[PDB]
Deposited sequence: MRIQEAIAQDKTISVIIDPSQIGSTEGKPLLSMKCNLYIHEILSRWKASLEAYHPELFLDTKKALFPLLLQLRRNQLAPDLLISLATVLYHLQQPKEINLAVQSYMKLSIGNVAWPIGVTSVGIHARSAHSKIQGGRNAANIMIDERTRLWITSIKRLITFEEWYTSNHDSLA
């Protein structure tokens, strides 16, 4: 079968992440794609805010994120690595949980699995993974700014 390709074209999937699905082995393909869609959505809003938020950093962040985005679209991320990323993104989607997103990010940052906080150990981090982790931090700061300015 070619389920992953069906998922990538499925227009009934939104960017909204349900925390209860984080960790589910069966819901992994779907969650992987949702993270891909939301990251694209965050970049879309930054692009709409270029005039007001670090325009000189956009293009580079976007480009550094392409490999991760492709991995998410193809569901090639490791279980615990997806769990940690989805956790960061989930909290980032929640009102007033910017500190929970940062806390989760720091866990992912030092090779530790991150699970959602208040709702519902080790992970391998190579040069490839380290690259997008660093970039994800820029999305976090953009969202913090976007929220405070709206």
List the gaps, meaning deposited-sequence segments with no CA coordinates, ordered along the sequence. 121-139, 170-173
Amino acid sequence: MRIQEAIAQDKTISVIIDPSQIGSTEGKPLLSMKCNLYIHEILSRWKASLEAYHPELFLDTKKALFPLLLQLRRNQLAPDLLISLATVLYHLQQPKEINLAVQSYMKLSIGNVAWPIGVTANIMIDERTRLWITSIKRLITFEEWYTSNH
From here on, numbers count along this sequence of modelled residues.
Which of the two stretches, 2-10 or 139-147, shows the higher mean Cα temperature factor in the record? 2-10
Would you tell me which stretch averages the higher CA B-factor in the PDB entry, 127-135 or 12-20? 127-135
Which of these has the highest Cα B-factor in the record: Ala64, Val102, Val113, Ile39? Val113
Can you tell me which third, lowest, middle or highest, the CA B-factor of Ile117 falls into for its chain? highest
Entry-reported C-alpha B-factor of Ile98 relative to its chain, by third, is lowest
Sorting the chain's CA B-factors, does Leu69 end up in the lowest, middle or highest third? lowest
Chain-wide C-alpha B factor ranking for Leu43, given as lowest, middle or highest third: lowest
Quick one: classify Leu81 as lowest, middle or highest third of the chain based on its Cα B-factor. middle
